[PDB]
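If you want the building blocks of each chain, they are given just below.
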Amino acid sequence: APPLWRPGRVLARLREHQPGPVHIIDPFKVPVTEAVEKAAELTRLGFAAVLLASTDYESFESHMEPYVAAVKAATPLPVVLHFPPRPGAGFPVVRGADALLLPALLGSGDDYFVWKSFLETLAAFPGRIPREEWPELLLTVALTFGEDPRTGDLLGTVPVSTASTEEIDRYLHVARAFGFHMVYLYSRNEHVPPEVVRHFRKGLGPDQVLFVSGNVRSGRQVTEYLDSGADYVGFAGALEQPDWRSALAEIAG
Amino acid sequence: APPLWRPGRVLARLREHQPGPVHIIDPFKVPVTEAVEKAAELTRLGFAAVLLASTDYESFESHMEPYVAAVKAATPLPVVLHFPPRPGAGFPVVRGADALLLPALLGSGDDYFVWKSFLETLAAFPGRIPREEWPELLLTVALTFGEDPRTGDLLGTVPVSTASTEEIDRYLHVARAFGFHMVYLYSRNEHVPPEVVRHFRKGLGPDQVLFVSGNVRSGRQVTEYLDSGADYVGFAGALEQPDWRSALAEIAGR
Ligand SMILES: CC(C)=CCC/C(C)=C/CC/C(C)=C/CSP(=O)(O)OP(=O)(O)O
Ligand SMILES: CC(C)=CCC/C(C)=C/CC/C(C)=C/CSP(=O)(O)OP(=O)(O)O
Ligand SMILES: [Cl-]
Ligand SMILES: [Cl-]
Ligand SMILES: [Cl-]
Ligand SMILES: [Mg+2]
Ligand SMILES: [Mg+2]
Ligand SMILES: [Mg+2]
């Protein structure tokens, strides 16, 4: 019986693994051959997982089933999907993925993105994927920082205000009381402030995983976030160029 | 596709119907023949729905499928089920019920009762019930007031603090942001304070339904709660006795 929304192997690994950077591969932009090359290096660096994520997607199932299979044949790290949900479908899913990160956008003015996407997703389970083969679900509070009209237009999010800690303190009460597995602090166009990362680490339970991403391009940035309490520092764009091997070594340093 | 968690016919009915009392029949204590007699009177009184609810239950599907059918044969009012969920199963459900009230116990120290029961329930859908025939789900923020070790032991709830509005204001933000359909204020052993009812009415969206229940035994109490903002005032125990007709008449404000 699939753990589904209950803690399983992937969450256990994220809870126990040494904190560090995590490369995020956008499967709708990165050719699969390049993802496979990258996955082999991520393995050598001992990263906790390979995340495949993108704001945009189409023909999810026919594209992702073989992409996930190719990445999984290239690394023993778990492959975790992270994409926004769509009303009428819920979150996208394909067989073979180890886990799907389910973001509850608590800062959204649209209740579907705050959490009803989770009900639609679970109602649709198991669909065309054998139950035994379904991915695990990582229940995550997802928060956005800085001006970001793209996520705002698409998902209804409003940038979190840190002029006081009232707004984030409410999200931390939800994260704790609702037993979320992870919190994901994201900034599409700016940087999540290290002080907000510290505030979250201090307010979360010891087993709640803290992920931060957005415009991380240097090892100094990774270090600052980990020093602030992030368990994982995600980065995508820094490697979306020909000289990615150099960029990866500087970020993983 | 059944509406399921999306608004449907029952929530529309509750939103549009005028505020008033609602009798709650405990089907694991009330014989079905008495429930059927009761259901016929509730209809004449103009109540908005008939709730079948209980903290305790056993052999739910064999007892409730026919119990629901018997009640529905006696009244055209929607029949709504309200029972706590159980790990491994989620909320109990039978074919024929018009809706299930799904309580998210925000005051519980156990995340399963705060909301993961909702995930287990939806993962299990549709189970043995034809999909087209599933009840609608009324997403509800459920809060408890006063000392109540029974619900505390069973569901992990802690009485809501009414010393200030700090705790209830966080629940109101959740009720609004999460788009809950209803809020249910309950007191097993005391009375929900009318001022808390007012505070919720004022902070909720116009389409969010406010239910209050617990030890309501007089028409005066129903009036006070409606005057404070409740959409529906529930009552069960007052009618679990032989002279229930007279009690019902008094509570309905006859
Ligand atoms: C808003 C949110 C957290 C969750 C909702 C669901 C969405 C939009 C998922 C897409 C996955 C993400 C956040 C990809 C951007 S990697 P990055 O932008 O951090 O990469 P970068 O290193 O800046 O290129
Ligand atoms: C705690 C909560 C709201 C939801 C969690 C799920 C539970 C325990 C559902 C049982 C349904 C209830 C609250 C029945 C009591 S009617 P009453 O006790 O109000 O009737 P009374 O008129 O006092 O007899
Ligand atoms: Cl794993
Ligand atoms: Cl802060
Ligand atoms: Cl909130
Ligand atoms: Mg993309
Ligand atoms: Mg399902
Ligand atoms: Mg009972």
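1. Remarks on the site of ligand 1
Residues and elements named next belong to chain A.
Phase 1 of the analysis: Taken together, 19 residues sit near ligand 1, with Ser-213, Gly-214, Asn-215, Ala-236 and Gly-237 positioned nearest.
Phase 2 of the analysis: At a separation of 2.6 Å, an oxygen atom of ligand 1 approaches a polar side-chain atom of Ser-213.
Phase 3 of the analysis: When the free accessible area of ligand 1 is taken as 610 Å², the share hidden by the protein chains comes to 92%.
Phase 4 of the analysis: Those elements that provide at least two residues to the shell around ligand 1 are β5 (136-144) and β6 (182-186).
Phase 5 of the analysis: Here the shell around ligand 1 is built from residues that sort into eleven nonpolar, eight polar and no charged.

2. Looking at the UniProt feature "binding site: Mg(2+) 1" (unreviewed entry) in chain B
Residue and element names in this part refer to chain B.
Phase 1 of the analysis: Following the UniProt record, the feature "binding site: Mg(2+) 1" (unreviewed entry) maps to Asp-26, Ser-54 and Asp-56 here. Across 31 residues, the annotated set stays spatially compact, with a maximum C-alpha separation of 9.3 Å.
Phase 2 of the analysis: Along the chain, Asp-26 falls in the loop between β1 (20-25) and α2 (32-45).
Phase 3 of the analysis: With near-sequence residues (within four places) excluded, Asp-26 lies in contact with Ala-53, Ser-54, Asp-56, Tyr-67 and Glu-240.
Phase 4 of the analysis: Tracing the chain through its elements places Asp-56 in the loop between β2 (50-53) and α3 (60-74).
Phase 5 of the analysis: Leaving out residues up to four positions away in the same chain, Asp-56 has contacts with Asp-26, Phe-28 and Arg-150.

3. Digging into the pattern of salt bridges
Phase 1 of the analysis: Applying the stated criterion to the full structure yields 31 salt bridges over all chains.
Phase 2 of the analysis: Note that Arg-170 of chain A and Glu-166 of chain A form a salt bridge whose closest N and O atoms lie 3.5 Å from each other. In this pair, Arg-170 of chain A and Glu-166 of chain A both sit in helix α6 (residues 166-177), four residues apart, roughly one turn of the helix.
Phase 3 of the analysis: Salt-bridge contacts for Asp-98 of chain B lead to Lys-72 of chain B; the nearest nitrogen and oxygen are separated by 2.6 Å. Of the two residues, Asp-98 of chain B is situated in the loop between β3 (79-82) and β4 (99-105) and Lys-72 of chain B in helix α3; the sequence distance between them amounts to 26 residues.
Phase 4 of the analysis: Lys-72 of chain B gets classed as partly exposed once you look at its relative accessible area, which sits at 31%.
Phase 5 of the analysis: Ionic contacts of the salt-bridge type, sharing partners, join the residues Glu-37, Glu-41, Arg-44 and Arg-245 of chain A into one network.

4. Section: the environment of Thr-43 of chain A
Phase 1 of the analysis: As for its placement among the helices and strands, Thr-43 of chain A is situated in helix α2 (residues 32-44).
Phase 2 of the analysis: Beyond its immediate stretch of four places on either side in the chain, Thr-43 of chain A contacts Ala-74, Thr-75, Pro-76 and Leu-77 of chain A.

5. Some details on the pairing of strand β8 (residues 232-235) of chain A
Residue and element names in this part refer to chain A.
Phase 1 of the analysis: Across the two faces of β8 the burial is the same, with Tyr-232 and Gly-234 and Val-233 and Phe-235 all buried.
Phase 2 of the analysis: Judged from the four bridges that link them, strand β1 (residues 20-25) and β8 form a sheet pairing that is parallel. Considered in β8, the bridge of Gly-20 is made with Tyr-232.
Phase 3 of the analysis: Looking at chain direction, strand β7 (residues 209-213) and β8 are connected through three bridges and run parallel. Within β8, the position partnered with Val-212 by the bridge is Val-233.
Phase 4 of the analysis: In this fold, the crossover linking β7 to β8 by way of helix α8 (residues 219-227) has right-handed handedness.

What counts and what doesn't
Residues numbered from 1 in each chain as written, not as in the entry; some residues may be left out. Chains lettered and ligands numbered in written order. Heavy atoms only, no water. Near = heavy atom within 4 Å. Polar contact = N/O pair within 3.5 Å; in protein donor to acceptor, adjacent residues only side chain to side chain. Areas by Shrake-Rupley, 256 points an atom, 1.4 Å probe, with all protein chains shown as cover. Helix = DSSP H or I, 4+ residues; strand = E, 2+ residues; numbered from the N terminus. Nonpolar A, V, L, I, M, F, W, Y, C, P; charged D, E, K, R; others polar. UniProt positions renumbered as here; feature names shortened; annotations may be inferred. Contact = heavy atoms within 4.5 Å. Salt bridge = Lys/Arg side-chain N within 4 Å of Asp/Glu carboxyl O. Buried < 20%, exposed > 50% of the residue type's maximum accessible area, 1.4 Å probe, protein only. Pairing = 2+ DSSP bridges. Right-handed = clockwise from strand over helix to strand, strands pointing away.

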